[PDB]
Amino acid sequence: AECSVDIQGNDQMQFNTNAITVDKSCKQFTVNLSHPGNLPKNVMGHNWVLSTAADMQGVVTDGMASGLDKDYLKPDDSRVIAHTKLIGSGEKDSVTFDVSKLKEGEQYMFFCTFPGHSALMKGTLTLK
Ligand SMILES: [Ag+]
């Protein structure tokens, strides 16, 4: 889809994709996140967070420590290229970012920073 992707996080701690392609032609890229199921944000909250593969662990650790009210993200974290809000079932949130913030030769990971979820809820994002 021309410069966007729609992604779901379910009540079983799964995103419905593990690989996102971003066409070099896109000026901006948008992620539209939703949450099928019935579980509340405090129990099964999902976000979509983007960093380099190298930065992922530091982002997830500091995010766990940040707490629910900060959407499990360290405020002003320089390693986070883009992120949605944390959402519960029935909710939706989108993020758009400048594709110029990605370069070739660099590995990107997307993931959710809700406590313990990133073991399951992660994937690659590839400039193509
Ligand atoms: Ag999650």
# chains A, B, ... in the order shown; residues from 1 in each chain; ligands from 1

call {"tool": "residues_around", "arguments": {"residues": "range 34-43 of chain A", "least_positions_apart": "5", "cutoff": "6 Å", "atoms": "only C-alpha atoms", "output": "PyMOL selection string"}}
result
chain A and resi 8-11+87-90+92

call {"tool": "write_last_selection", "arguments": {"atoms": "N, CA and C atoms", "output": "PDB file, in the first residue's frame"}}
result
ATOM      1  N   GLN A   8      -2.207  -5.091  13.201  1.00  0.00           N
ATOM      2  CA  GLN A   8      -3.046  -5.447  14.324  1.00  0.00           C
ATOM      3  C   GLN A   8      -2.201  -6.143  15.396  1.00  0.00           C
ATOM      4  N   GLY A   9      -2.545  -5.897  16.655  1.00  0.00           N
ATOM      5  CA  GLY A   9      -1.973  -6.581  17.813  1.00  0.00           C
ATOM      6  C   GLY A   9      -3.159  -7.227  18.492  1.00  0.00           C
ATOM      7  N   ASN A  10      -3.107  -8.539  18.713  1.00  0.00           N
ATOM      8  CA  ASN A  10      -4.272  -9.266  19.268  1.00  0.00           C
ATOM      9  C   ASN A  10      -4.199  -9.566  20.788  1.00  0.00           C
ATOM     10  N   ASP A  11      -5.186 -10.294  21.332  1.00  0.00           N
ATOM     11  CA  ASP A  11      -5.204 -10.668  22.768  1.00  0.00           C
ATOM     12  C   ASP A  11      -4.273 -11.825  23.087  1.00  0.00           C
ATOM     13  N   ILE A  87      -2.239   1.205  23.046  1.00  0.00           N
ATOM     14  CA  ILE A  87      -3.690   1.098  22.872  1.00  0.00           C
ATOM     15  C   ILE A  87      -4.233  -0.220  23.398  1.00  0.00           C
ATOM     16  N   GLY A  88      -5.472  -0.191  23.877  1.00  0.00           N
ATOM     17  CA  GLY A  88      -6.200  -1.425  24.270  1.00  0.00           C
ATOM     18  C   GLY A  88      -7.081  -1.953  23.171  1.00  0.00           C
ATOM     19  N   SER A  89      -7.831  -3.029  23.430  1.00  0.00           N
ATOM     20  CA  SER A  89      -8.785  -3.525  22.424  1.00  0.00           C
ATOM     21  C   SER A  89      -9.835  -2.472  22.014  1.00  0.00           C
ATOM     22  N   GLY A  90     -10.145  -2.449  20.720  1.00  0.00           N
ATOM     23  CA  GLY A  90     -11.147  -1.544  20.152  1.00  0.00           C
ATOM     24  C   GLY A  90     -10.629  -0.156  19.829  1.00  0.00           C
ATOM     25  N   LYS A  92      -7.592   2.551  18.184  1.00  0.00           N
ATOM     26  CA  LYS A  92      -6.731   2.684  17.027  1.00  0.00           C
ATOM     27  C   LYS A  92      -5.807   3.884  17.218  1.00  0.00           C
TER      28      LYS A  92
END

call {"tool": "residues_near_ligand", "arguments": {"ligand": "ligand 1", "cutoff": "7 Å", "atoms": "only C-alpha atoms and all ligand atoms", "output": "list in words"}}
result
residues 9, 13, 44, 45, 46, 47, 112, 113, 114, 117 and 121 of chain A

call {"tool": "atom_distance", "arguments": {"atom1": "CA of residue 1 in chain A", "atom2": "CA of residue 78 in chain A"}}
result
28.4 Å

call {"tool": "closest_residue", "arguments": {"among": "A:71, A:91, A:64, A:85", "to": "residue 116 in chain A", "atoms": "only C-alpha atoms"}}
result
A:64

call {"tool": "select_by_dssp", "arguments": {"residues": "chain A", "states": "strand (DSSP E)", "output": "count of residues only"}}
result
39

call {"tool": "residues_around", "arguments": {"residues": "residue 22 in chain A", "least_positions_apart": "4", "cutoff": "7 Å", "atoms": "only C-alpha atoms", "output": "MDAnalysis selection string"}}
result
chainID A and resid 3 126:128

call {"tool": "atom_distance", "arguments": {"atom1": "CA of residue 48 in chain A", "atom2": "CA of residue 110 in chain A"}}
result
6.5 Å
